[PDB]
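Colleague: I need the structure of the sequence given here:
(2 chains, ligands or ions: 2)
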2 protein chains.
Amino acid sequence: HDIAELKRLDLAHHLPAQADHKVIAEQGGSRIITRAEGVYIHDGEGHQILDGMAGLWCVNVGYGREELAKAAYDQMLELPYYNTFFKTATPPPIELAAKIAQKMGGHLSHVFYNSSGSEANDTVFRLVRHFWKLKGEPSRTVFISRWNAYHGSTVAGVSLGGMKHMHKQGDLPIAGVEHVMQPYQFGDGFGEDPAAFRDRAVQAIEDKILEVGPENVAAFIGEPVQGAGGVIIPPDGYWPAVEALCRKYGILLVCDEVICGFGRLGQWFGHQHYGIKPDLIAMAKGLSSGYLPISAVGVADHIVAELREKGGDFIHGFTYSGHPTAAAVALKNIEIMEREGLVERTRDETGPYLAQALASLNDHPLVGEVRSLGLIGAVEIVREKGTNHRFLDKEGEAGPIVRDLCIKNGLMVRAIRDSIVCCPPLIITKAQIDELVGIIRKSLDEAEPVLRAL
Amino acid sequence: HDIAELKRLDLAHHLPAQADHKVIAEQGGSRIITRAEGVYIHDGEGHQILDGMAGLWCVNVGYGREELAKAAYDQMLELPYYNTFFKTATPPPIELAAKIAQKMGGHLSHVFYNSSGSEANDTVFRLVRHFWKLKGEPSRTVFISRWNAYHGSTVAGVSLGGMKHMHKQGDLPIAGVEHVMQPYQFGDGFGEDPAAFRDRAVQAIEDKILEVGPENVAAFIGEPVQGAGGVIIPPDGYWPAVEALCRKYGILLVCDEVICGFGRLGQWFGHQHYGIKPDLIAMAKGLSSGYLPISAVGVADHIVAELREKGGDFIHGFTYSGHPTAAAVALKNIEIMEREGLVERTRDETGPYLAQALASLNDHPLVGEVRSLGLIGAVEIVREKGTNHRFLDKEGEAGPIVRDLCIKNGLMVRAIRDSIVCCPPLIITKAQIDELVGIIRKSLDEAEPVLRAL
Ligand SMILES: *Cc1c(COP(=O)(O)O)cnc(C)c1O
Ligand SMILES: *Cc1c(COP(=O)(O)O)cnc(C)c1O
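Modeller: Numbers count the residues shown, from 1 in each chain, chains lettered A, B, ... in the order given. Ligands and ions are numbered 1, 2, ... in the order given. Below you will find the coordinate block:
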C-alpha cells in the first residue's frame, strides 16, 4: 500500500463516520489500518496496536478467521444474493434465524433482518407502532428512552438515543420520543445509597409514563449496559424494576443488545444477565464479529401472532434484509463462539480476570472508579481522589489526553467524556489483559503531569 | 437442502421483508431460492426462473461471479473489518471512494458510506440539515419529495418516500417533509400535451416551495426514474426544469440513484442521462451488484468545504460505514462493469433492444403502454385499448394476476399497481430479452380470459 497516496485519496474523496473533517484534514488524512490478526491491528507505518475496542465493540471472535472468509466465499459462489420481498427466502437467513432464536430464548422466537444496528431500531420503531395498531390500541405511540442512551445513527436511532449534541444535527428527536435520567451512579448518584439511586432512576421512567399518559406509551427502550454513553453499568435491581414497571402499564420492553449481545457481558445477550424478558431486541456488531454487515430484531411470539393472524403487509424491510452471504458468515461466527465456549469463557474467566486486573488501577492518583462486566469496562479519571470531580470542572478534557497516550503506547481504547473504556475481543488472553491494563497505567502516569498543569 | 425443513424453520423463526406474514404462513413458508447463475435463479423444487428483476433491482453484473467471491475472501483474510470512527480508515473504502468519484463526475468529489439505500437517505437527511446550519441558514430544514416516490424503509426513508400506505405504519412522515405530484403521464396526464403536463408537475414543486417559504426549504429529492413507484419515466425536459427550479431558490438538489445508478439507465448514474448536477446522490444495490451490503452518499465539493472549513464533529455514521470487505467487492464489481463495458452496452445495445422487444407487445389487447430506458421498463395493463382505464376501475387487480402467470411461466417480474415492470441484469443477452418479452406475452394471453371475467 502507498500509505501517503491512500491518505491523499482519503482527504480528496472519503468522509469518515462521526468525525471532525477539519481535524482529519489537519492530520493529513485518516490513519490507515492495513492488516490485523488476533487482537492486534497494524497501521500504514507499521505500528502494532492492541485493539482494546475489538474494532468497534464488535470483533468478538478476533481477527484472522480464515473460517469466516471461507464461509463467505462458499455462499457467494452458490447464491450471493436474493431478496426476501417476493414471498422468497434463502437457506442461510432461515438457518441463522433458528440459531439466533435458540440463543435468544424466552418468547423471542422470530428475527427480522437488517444490515446495521441503527436500522434494527428503525425496525423496532415501526414494528412496535404497527403492533399496537394491530392490537387495536392506536394511541400507544410514544417511546421512552434515557439521556446518554445510544441507539444508532439513523434519524430514528438518533431520536431514540439521548445524545443531545447528536440530536441537534438533523433537528432531532422526531415526535413521540421522551428521555429520562440514566442510571449513572458515579456521575449522577455519587454518595447516594445504590438502592435509593436505582429507585430514583426507575421512578423517573414511571413519572414520564404518567406525564405522557400510560395509554399513550408504546414501549421503553434501553441498553442493558450503556455502551457509547461510557460503559454505564446500572445498579443492582434496576432492570428487574424496569421490567416490573413495563408490565405494570402494559408497555413493551425493548433491549438494545447491539454491544451487549453475543458474549460481551458473559451471556448470549445482555438482558439474560439481568433475568428480564424483553419483547424485542436489537442486535448487530458481534452478530458477525463485524466480518460482514448484518443486523436483526428479535421479536416476541405474541407480536408475530398479531402479524400472522390479522395479516396485512408489514411494509418494512431492506434490500439486504436476510443477505445470504452475510447470514452465512453470521451463522459460522456463532458456531465458532459455541465451539470455543467464548460466552462462558467471558462469564467465568476473562471477565473476572479483567475485573481484578482493572482493580489494580484503583490506587492510581488519577482513578476515581473502575467498573466492568464481562469484557466491557471503564476507568474514571478524576482530579480529586474520593470524589467524581473532573479536571477543569469540564468533563471531556482529561479523557482524550489519556486516550492519546494509550494509543501512542500501543493500545486502542476510547475516551467517553473523562472515562477510559475497553471492549476487547472475546479471545483476549489473560496476559493480553495484563498488557492492556499495564499500558493504561503507563499512560495515566504520563498523563498525570499534563493534567495537573491544566 | 432439506426444503421442507427450511420452510418449517422459516415460519417458526423468520419474518421476511415487506411481506404479509399471514400470506406466507398460508403458503407453508417462503419459497426457497437455493442457487443462481447468469440471469437465472433456482428454487427448492427445481424450477429455473429467468430473473427479470436482477435480485432486487440490483444484481447488475449477474450471478455466478467467482471473481467477486474471491475479492471478499482475500480482503477478509487480510483485514475483515475496521472502523472509520477513530480518525482511522482502511485501503478498500478509500480506493472505492476515488473510483465512485470518478464515475460521479461534476462536483461530486466525496462519498459517505453506509450499508443500505435507506441509510444513505438518512445520511442525506442529516447532512443536508447540518450543512445549512454550518452555512448560517438554519431555517432551511424542509425536504420536498413526491407522492409515489420511494426512498427506503427507515423512518426517514419512509418519510422521504411518498407511499401513503407505508407512511401509515410508524405514523409517518416525520416533520419537515412535503410531497407533490409525481410526473406520471400515463396515469395522471393521459391525453395531455407532454410539455404542459411536465410544466404542471414542475409547478407543483414551486407552489410547495412558495407555500413552505423558500427560506425554509433545504432540498428537493427525487429518483431520476421512480423504481418501486412503477418505473415512472418523467416527460422530456422535466429534470432540467427541476434543476433550474432548485437553482432559482438556492435549494439543494438530491437525486436518489439507488436503482438508477451503475448502468441501469445507460449511464453510471441516472442524473447523468438528464444532464443535471445534483448536490447529493444516494447509491446502493448495483453499487456491489448486491454481492455484499454497502451504500454511499455522493457529496458535492461545496458541502465538504463547509465540513472542512467550519470543522466540528459531523455526529453521523455507522459501525459498517466503509466496511473493508464490502468496499473491496464493490470496487471489483465496478471493475467488472468497466472491463465488460456494461454501461455503454446498456446505452447502445441492450437498452434499445429492450425497447424494440417491448414495443412488440403494443398490439396486445391488454397493453395500454410500454416504456423503457436502458434496462428498466414497464408494461401497462388496461381494460380498454387506447385509454388508461383499469380493470374493475380499481388499480391493482389485474397486475398480480399477470405477474403470477409470468412467474409460473418462468419469469420473475413484479406488478406495481397494474404495471408489469422489469429490471434484468445488465449481462442479459438479446435472446434472453426475447425470452423475457415472450413470457410476458404468453402470460398476458393466459390472463386475458380471467381478467375479462372479473
Ligand atoms: C453500535 C450501536 C448502534 C448502532 O449500530 P450500527 O450498526 O452502527 O448502525 C445501536 N445501538 C447500540 C447499543 C450501539 O452500540
Ligand atoms: C431500494 C431503494 C431504496 C432503499 O434501499 P435499501 O437498501 O433497500 O434500504 C432507496 N431508494 C430507492 C430509489 C430504492 O429503490
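Colleague: measure stretch A:228-238 end to end?
Modeller: Separation of the first and last residues of stretch A:228-238 by C-alpha to C-alpha, to the nearest Å is 19 Å.
Colleague: cool, stretch A:301-320 as well?
Modeller: 24 Å.
Colleague: Tell me which stretches of the stretch 251-400 of chain A form helices.
Modeller: Here the stretch 251-400 of chain A has its helices, by DSSP state H, counting those that start in this stretch, at A:270-273, A:301-310, A:324-340, A:342-345, A:351-359, A:398-408.
Colleague: next one: the last one to chain centre, how far?
Modeller: The one in question is helix A:398-408. Its chain's C-alpha centre and that of helix A:398-408 lie 22 Å apart, by C-alpha atoms, centre = their mean, to the nearest Å.
Colleague: Same question for the longest one.
Modeller: Centre-to-centre, helix A:324-340 and its host chain are 19 Å apart (C-alpha atoms, centre = their mean).
Colleague: Which segments of chain A make up each domain?
Modeller: Residue ranges for the domains of chain A, per automatic domain parsing: A:31-64+A:341-452, A:67-340.
Colleague: As a markdown table, those with distance to residue B:68 would be great.
Modeller: Just so you know, the C-beta spots here come from the backbone N, C-alpha and C atoms, and that holds for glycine as well. Shown next, in a markdown table, are the domains of chain A (distance: least, C-beta to C-beta, whole Å):
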| stretch | distance to residue B:68 |
| --- | --- |
| domain A:31-64+A:341-452 | 22 |
| domain A:67-340 | 6 |
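Colleague: Tell me the residues on the stretch 251-400 of chain A that lie near chain B, please.
Modeller: The stretch 251-400 of chain A comes close to chain B at residues A:284-285, A:289-294, A:299, A:304, A:307-323, A:325-326, as judged by C-beta under 8 Å from any C-beta of the partner chain.
Colleague: residue contacts, the most centrally placed residue in chain A?
Modeller: In chain A, the centroid-proximal residue (C-alpha atoms, centre = their mean) is residue A:259; its distance is 2.7 Å. Residue A:259 makes contacts with A:57, A:223, A:225, A:227, A:228, A:270, A:285, A:286, A:376, A:423, as judged by C-beta atoms under 8 Å, 6 or more residues apart in numbering or on different chains.
Colleague: run the last query once more with 6 Å
Modeller: Applying C-beta atoms under 6 Å, 6 or more residues apart in numbering or on different chains to residue A:259 gives the contacts A:57, A:227.
Colleague: what about it, distance to residue A:285?
Modeller: 6 Å (C-beta to C-beta, to the nearest Å).
Colleague: okay, and the common contacts of these two?
Modeller: Counting by C-beta under 6 Å, 6+ apart, the common neighbours of residue A:259 and residue A:285 are residue A:57.
Colleague: Return the backbone torsion pair for the residue in the stretch 101-250 of chain A positioned nearest to ligand 1.
Modeller: Taking C-beta to the nearest ligand atom as the measure, the stretch 101-250 of chain A has residue A:117 as its residue closest to ligand 1, at 2.3 Å. Note on residue A:117: its backbone torsions stand at phi -60, psi -30 [degrees, to the nearest 10].
Colleague: from what I can see it touches residue A:297, true?
Modeller: No. Between residue A:117 and residue A:297 there is no contact under C-beta atoms under 6 Å: 10.2 Å.
Colleague: Give me the more crowded residue out of the two.
Modeller: A direct count of neighbours by other C-beta atoms under 10 Å in any protein chain shown for residue A:117 and residue A:297 places residue A:117 higher, at 30 against 25.
Colleague: which parts of chain A sit against ligand 2?
Modeller: Selection of chain A residues close to ligand 2 by C-beta under 6 Å from any ligand atom yields A:318, A:319, A:320.
Colleague: how long is stretch A:168-180 end to end?
Modeller: Stretch A:168-180 has an end-to-end distance of 18 Å (C-alpha to C-alpha).
Colleague: Okay, and residue A:96 sits in which element?
Modeller: Taking DSSP states H and E as the criterion, residue A:96 maps to helix A:91-104.
Colleague: do you know how far residue A:447 is from ligand 2?
Modeller: Distance of residue A:447 to ligand 2, computed by C-beta to the nearest ligand atom, to the nearest Å: 44 Å.
Colleague: Next up, the contacts around the residue lying closest to that residue once chain neighbours are set aside.
Modeller: Counting by C-beta to C-beta, 6 or more residues apart in numbering or on different chains, residue A:402 is the residue found nearest to residue A:447 once chain neighbours are left out, at 4.6 Å. By C-beta under 6 Å, 6+ apart, the residues touching residue A:402 are A:420, A:443, A:447.
Colleague: State the distance from residue A:402 to ligand 1.
Modeller: Using C-beta to the nearest ligand atom, residue A:402 is found at 22 Å from ligand 1.
Colleague: who in chain A is up against ligand 1?
Modeller: Proximity of chain A to ligand 1 is confined to A:116-118, A:150-153, A:223, A:227-228, A:256, A:258-259, A:284-285 under the rule C-beta under 6 Å from any ligand atom.
Colleague: try 5 Å this time
Modeller: Residues of chain A found near ligand 1 (C-beta under 5 Å from any ligand atom) are A:116, A:117, A:118, A:151, A:152, A:223, A:227, A:256, A:258, A:259, A:284.
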